[PDB]
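One structure below.
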Amino acid sequence: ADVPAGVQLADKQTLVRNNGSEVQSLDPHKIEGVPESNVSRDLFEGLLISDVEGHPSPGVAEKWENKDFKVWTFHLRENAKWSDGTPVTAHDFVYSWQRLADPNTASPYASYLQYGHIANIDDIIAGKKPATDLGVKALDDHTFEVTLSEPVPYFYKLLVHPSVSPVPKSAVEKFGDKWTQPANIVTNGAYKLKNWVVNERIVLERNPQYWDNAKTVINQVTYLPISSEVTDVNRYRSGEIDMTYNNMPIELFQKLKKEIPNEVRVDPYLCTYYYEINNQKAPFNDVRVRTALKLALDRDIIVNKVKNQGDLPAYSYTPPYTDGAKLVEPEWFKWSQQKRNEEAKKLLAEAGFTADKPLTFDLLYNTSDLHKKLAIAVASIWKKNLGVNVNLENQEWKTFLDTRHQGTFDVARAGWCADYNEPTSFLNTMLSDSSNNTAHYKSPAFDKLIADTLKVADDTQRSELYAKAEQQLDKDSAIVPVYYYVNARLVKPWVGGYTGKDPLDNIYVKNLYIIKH
Ligand SMILES: [U]
Ligand SMILES: [U]
Ligand SMILES: [U]
Ligand SMILES: [U]
Ligand SMILES: [U]
Ligand SMILES: [U]
Ligand SMILES: [U]
Ligand SMILES: [U]
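Just so we're aligned, residue 1 is where the sequence shown starts under PDB author numbering, counting upward by one.
So this is what it looks like as structure tokens:
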């Protein structure tokens with residue numbers, strides 16, 4: 001943290017943050033969500049980290065170079081250590097990226113190495129080559145060299161993500177899935193794991209072996225797993241919680257802006273809220289049905305009437321304010337809702353649905369006040385505008401993500417947040433073979449548009465391709481875009497260091513501090 005001249009620090013430097021749900025795991029290779037990554041950034045540190053405004057900056061690597069954007073050389077700081085006092089070396093990164101690529105790990109983020117095009121990743125994922133063939137090597141203890149199969153000018157931006165953080169081989173090997181328990185885990189971030197009580201709290205304490213430990217201020221941070229945004233706000237206003245999770249309740253939000261204006265932080269956020277359709281299961285494999293659902297949803301009602309928290313109605317997957325996004329707003333989004341409804345009803349009628357044989361299906365969402373209230377409104381809108389019947393189903397976060405990968409569901413509430421600020425961070429998740437493709441969408445045309453983005457060496461050509469890729473997704477009605485999120489959360493006046501300037505919201509508790517109050 002960088003404490004400004006003149007601020008008076010509290011004697012006790014502890015923090016309590018809500019984290020939305022119970023984490024899936026603390027193993028960097030088994031996690032895929034925001035809650036998981038929030039904790040991961042305090043415990044595991046990769047080559048680069050985000051600074052407090054979100055710019056990619058030195059992590060374990062103090063400096064790096066590239067040759068033609070294909071061979072990246074990372075110079076690791078000599079004093080980087082794990083929490084047991086042992087050095088963090090390039091060998092740690094070799095083992096860790098191999099483990100991420102290895103099909104035996106079954107990482108949900110194995111395709112992150114495809115997004116960066118590390119050499120030989122496709123064959124490794126397919127089991128055609130051993131994970132030891134991956135295009136990574138340690139040139140010495142403090143030098144990690146990555147070789148890509150084609151130039152990737154933004155490669156370094158990918159490196160702040162948890163999937164490419166190092167894991168401690170000896171602990172993984174000796175304890176298996178219990179390596180993350182407090183007695184066994186070893187971490188290299190600013191914090192260490194103190195306590196993990198499932199569905200109650202995760203408590204982290206300062207890691208004195210962290211290389212930048214002298215700048216760390218907060219001595220202990222607790223992460224809570226509260227999925228009710230109303231409860232989160234209640235425990236924040238009672239004094240227990242210092243920073244809520246950034247999902248706000250429909251119940252109280254209006255009231256909050258009027259009651260505590262300076263505590264309500266509202267900043268840009270590269271995430272898109274949408275209803276994910278299982279594209280591989282009839283009747284959702286019919287483009288007419290998917291289009292009907294996309295068009296009959298009334299975004300103005302949801303975004304401005306039922307939710308109304310600063311979100312913008314969406315017409316795409318990639319947020320239009322992503323760096324590199326120059327999207328074409330489709331004609332259907334400019335129409336009146338009445339015109340969208342008529343076309344939707346027409347399409348469903350063409351698909352064979354009638355009053356006596358209506359379309360009835362499930363809408364899966366993870367436990368949440370926000371998601372439940374929005375799914376109820378969406379069910380009423382689709383019923384009224386299109387005559388379709390929806391059965392709502394809630395699941396807790398970890399189960400919910402597994403269900404979507406299992407891919408026999410109908411429609412699920414979904415939200416993707418960028419891992420790096422570039423359109424492929426969204427677009428690559430819709431590739432036919434992506435490990436993040438929970439839409440189960442497979443379009444050879446779409447895949448080809450993305451493949452061509454690194455075969456041109458011009459930003460305009462790349463941007464026009466990303467725009468065409470969004471058009472391909474939209475033409476196929478792969479998803480039902482609802483709104484682009486804003487990063488809205490409550491932060492006590494005494495919490496310093498949270499700028500809200502990072503559109504990825506990559507917070508590190510090592511950057512925060514408690515002002516005397
Ligand atoms: U004190
Ligand atoms: U650049
Ligand atoms: U940029
Ligand atoms: U269903
Ligand atoms: U509620
Ligand atoms: U460039
Ligand atoms: U106080
Ligand atoms: U106090």
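The C-beta atom is built at its ideal place from N, Cα and C for all residues, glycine as well.
Grab me the residues of residue i's own chain with a C-beta within less than 7 Å of its C-beta, minus the 5 sequence neighbours each way, in chain order.
i, result
"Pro-503", "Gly-54, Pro-268, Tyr-269, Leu-270 and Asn-421"
"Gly-500", "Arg-265, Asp-267 and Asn-487"
"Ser-57", "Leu-48, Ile-49, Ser-50 and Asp-51"
"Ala-292", "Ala-344, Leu-347, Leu-348 and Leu-386"
"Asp-323", "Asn-421 and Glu-422"
"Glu-329", "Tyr-315"
For residue i, which option in the options has the closest C-alpha, if you only look at C-alpha atoms?
i, options, result
"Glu-240", "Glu-464, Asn-511 and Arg-17", "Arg-17"
"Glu-263", "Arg-489, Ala-5 and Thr-499", "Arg-489"
"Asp-419", "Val-411, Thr-429, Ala-412 and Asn-341", "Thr-429"
"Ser-435", "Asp-232, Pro-481, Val-221 and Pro-108", "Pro-108"
"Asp-92", "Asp-122, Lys-128, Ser-170 and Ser-149", "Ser-170"
"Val-198", "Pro-330, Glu-22 and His-440", "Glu-22"
"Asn-38", "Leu-370, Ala-296, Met-243 and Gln-254", "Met-243"
"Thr-105", "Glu-173, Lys-63, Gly-59 and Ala-138", "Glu-173"
"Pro-35", "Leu-224, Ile-118 and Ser-463", "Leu-224"
"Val-411", "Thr-147, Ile-381, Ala-375 and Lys-383", "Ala-375"
"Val-7", "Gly-497, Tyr-466 and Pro-153", "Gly-497"
"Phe-409", "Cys-417, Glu-393 and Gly-415", "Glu-393"
"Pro-493", "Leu-15, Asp-356, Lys-281 and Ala-5", "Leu-15"
"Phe-284", "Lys-129, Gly-352 and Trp-332", "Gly-352"
"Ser-425", "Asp-102, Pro-87 and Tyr-156", "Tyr-156"
"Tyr-508", "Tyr-191, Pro-87 and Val-60", "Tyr-191"
"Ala-101", "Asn-66, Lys-339 and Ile-118", "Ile-118"
Taking 7 Å as the cut-off, decide whether the C-beta atoms of residue i and residue j are in contact.
i, j, result
"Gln-472", "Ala-445", "yes"
"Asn-246", "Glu-229", "no"
"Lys-516", "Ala-10", "yes"
"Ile-479", "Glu-276", "yes"
"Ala-80", "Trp-179", "no"
"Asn-366", "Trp-397", "yes"
"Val-94", "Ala-131", "no"
"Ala-467", "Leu-327", "yes"
"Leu-431", "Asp-452", "no"
"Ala-1", "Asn-511", "yes"
Once you ignore the five residues that flank residue i on each side, which residues in its own chain have a CB closer than 8 Å to its CB?
i, result
"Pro-151", "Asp-68, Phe-69, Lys-70, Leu-454 and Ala-457"
"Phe-44", "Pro-28, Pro-162, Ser-165, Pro-166, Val-167, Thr-187, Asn-188 and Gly-189"
"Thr-143", "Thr-73, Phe-74, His-75, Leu-76 and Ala-90"
"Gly-85", "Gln-209"
"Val-306", "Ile-250, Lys-373, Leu-374 and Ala-377"
Within the present structure, is the beta-carbon of residue i separated from the nearest heavy atom of ligand 3 by less than 6 Å?
i, result
"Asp-419", "no"
"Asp-502", "no"
"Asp-459", "no"
What are the boundary residues of the beta strand (DSSP E) that includes residue i?
i, result
"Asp-267", "264-277"
"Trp-416", "411-417"
"residue 593", "Residue 593 lies beyond the residue range present for the chain, which begins at 1 and ends at 517; the question has no answer from this structure."
"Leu-48", "48-50"
"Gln-395", "389-395"
"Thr-14", "14-18"
"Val-486", "479-490"
"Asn-66", "61-67"
"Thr-460", "Looking at the DSSP string, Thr-460 is not in any beta strand (DSSP E); the run it does join, the alpha helix (DSSP H), is 459-475."
"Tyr-115", "No beta strand (DSSP E) contains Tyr-115, which is instead part of the alpha helix (DSSP H) from 112-115."
Does the beta-carbon of residue i, which I'm using as the reference point, lie nearer than 6 Å to any heavy atom of ligand 6?
i, result
"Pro-153", "yes"
Over the uninterrupted alpha helix (DSSP H) stretch that includes residue i, give me the two end residues.
i, result
"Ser-425", "424-427"
"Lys-510", "Premise fails: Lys-510 is in no alpha helix (DSSP H) and is neither H nor E."
"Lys-194", "Premise fails: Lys-194 lies in the beta strand (DSSP E), 191-197, not in any alpha helix (DSSP H)."
"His-91", "90-101"
"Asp-140", "From DSSP, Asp-140 is part of no alpha helix (DSSP H) but of the beta strand (DSSP E) over 136-140."
For residue i, which residues in the same chain have their Cβ closer than 6 Å to its Cβ, ignoring the five residues on either side in sequence?
i, result
"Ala-325", "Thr-318 and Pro-423"
"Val-303", "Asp-311, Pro-313 and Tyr-483"
"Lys-63", "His-75"
"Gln-13", "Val-217, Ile-218, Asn-219 and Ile-514"
"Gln-114", "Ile-121"
"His-371", "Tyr-365 and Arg-413"
"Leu-26", "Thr-180"
"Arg-404", "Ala-412 and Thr-438"
"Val-221", "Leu-15, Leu-204 and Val-509"
Cβ of residue i within 6 Å of any heavy atom in ligand 4?
i, result
"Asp-410", "yes"
"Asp-362", "yes"
Should residue i be counted as a contact of ligand 5 given a C-beta to heavy atom distance under 6 Å?
i, result
"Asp-323", "no"
"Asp-232", "no"
"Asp-369", "yes"
Let me check you understand the geometry: is the CB of residue i closer than 6 Å to at least one non-hydrogen atom of ligand 1?
i, result
"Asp-11", "yes"
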